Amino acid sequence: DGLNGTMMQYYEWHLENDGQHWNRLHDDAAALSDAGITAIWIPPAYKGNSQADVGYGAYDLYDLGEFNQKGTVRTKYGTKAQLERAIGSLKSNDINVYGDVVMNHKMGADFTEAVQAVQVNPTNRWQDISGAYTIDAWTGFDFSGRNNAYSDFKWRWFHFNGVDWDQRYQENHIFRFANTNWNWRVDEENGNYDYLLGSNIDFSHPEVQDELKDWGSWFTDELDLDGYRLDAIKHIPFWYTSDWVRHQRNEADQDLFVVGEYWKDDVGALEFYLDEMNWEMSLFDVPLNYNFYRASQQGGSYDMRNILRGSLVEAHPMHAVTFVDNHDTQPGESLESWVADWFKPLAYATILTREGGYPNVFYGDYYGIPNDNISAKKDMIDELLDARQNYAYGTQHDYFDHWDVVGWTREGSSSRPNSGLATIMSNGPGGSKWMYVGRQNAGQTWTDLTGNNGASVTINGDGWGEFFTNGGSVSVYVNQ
């Protein structure tokens, strides 16, 4: 028993469209469990716009690589049977499975429909910039191929309220359907960030509200999930996300972890959303994400004392999911804010060896991102996992007392023999620092699990030791 969980996003933007990913997941289970991974966040497992869609161009939430639709049976990751087989593997290996959930929109409509619409100011959706006129939007969904298995709900323009393309005159505009309202409440960037892309779902319709609740349960039961990764929730009316969440926990016997992706470098904005959520879920720590980014970008001059400043984990470590990067921040993607190889080791140590926050390992970092010649960091990360899995326990002591060199420690716990660790790093010239680690660990001799520093540190009578690190490096001394 015990604890210390570590989540892993098992996919990157440029994975190969060989539909063999679910299978890899299945053969990788044990290795991941053993390495310290306790939970896996899988990508949207339902049929998207096309076979090579990463998952967010969601077409049919009921087709998990089972029906021949959108030019393919399988999804980019594989067939429904292979995914169920993978999940079984993860389960028997004690890894929780969280599903990525896309409810903000739908894409790949089978046919267009005449709709009265108005163009809105892109920087202020509240403002129209054209009169109402008929446009041909792609909103008709009949799911030919599924033959109403699991559900016969058909989508139509009136279930939506906006699109960014008009097939009639063939132009791009942010179209608000006439006489419909933008969802609310939602992020106020651009005035009203309800619309992002694809066919935007309007949740005011009760039949919509139930179809997604009904689907959610179907989904959860069909895959035997343990939680969800909620996509683009800052564009989804808050009240409904909340209702939806509460609805799922109501139908499912098993516990359900919930992390929502409210993407905004602004902790307040996330706290507000969390208030509205009555803290019934966690949120990826995006400010932290950009903190790491800013640091990776600036170099040593960056004042390491403010590395956690602004983060979410800093203020509500209980509802923060920490990470360094993802498919949106990887090079070339929409939200690019990639943490360079030099700083990435420090960032991972920060979210992996500290007590606050639920850390998430990025598939791209772990196995590398070939497309962009980014090396796999399995080695650097496994050592930290070993740290987290076996040494990151007990009382914590922080030392963000210097702009370049900073560190922290964990006294270890009675329940976990030999646990205990001291993390130190510098984003500038190297240095050393005296840190407390628990008088009960006196006389022990600690060494760096990362091998970035040969120093052998001995704990004195008072429980103090002097730890070292070279420039731009991180070390995690433990009693191995």
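From 1 onward, residues are counted along the sequence shown.
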Higher avg CA temperature factor (409-417 vs 62-70, as deposited) belongs to 409-417
Looking only at C-alpha temperature factors in the entry, 128-136 or 150-158, the higher average sits in 128-136
Based on the PDB entry, the highest CA temperature factor among the options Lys106, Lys213, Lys80, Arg185 is that of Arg185
Among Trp279, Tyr366, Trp338, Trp342, single out the one with the highest C-alpha B factor in the record, please. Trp279
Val437 - which third its CA temperature factor falls in, relative to the rest of the chain: lowest
Considering every modelled residue of the chain and its Cα B-factor in the PDB entry, is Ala422 in the lowest, middle or highest third? lowest
According to the PDB entry, is the CA B factor of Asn121 in the bottom, middle or top third of its chain, that is, lowest, middle or highest? highest
Can you tell me which third, lowest, middle or highest, the CA B-factor of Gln330 falls into for its chain? lowest
Lowest, middle or highest third: where is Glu222 by Cα B-factor in its chain? middle
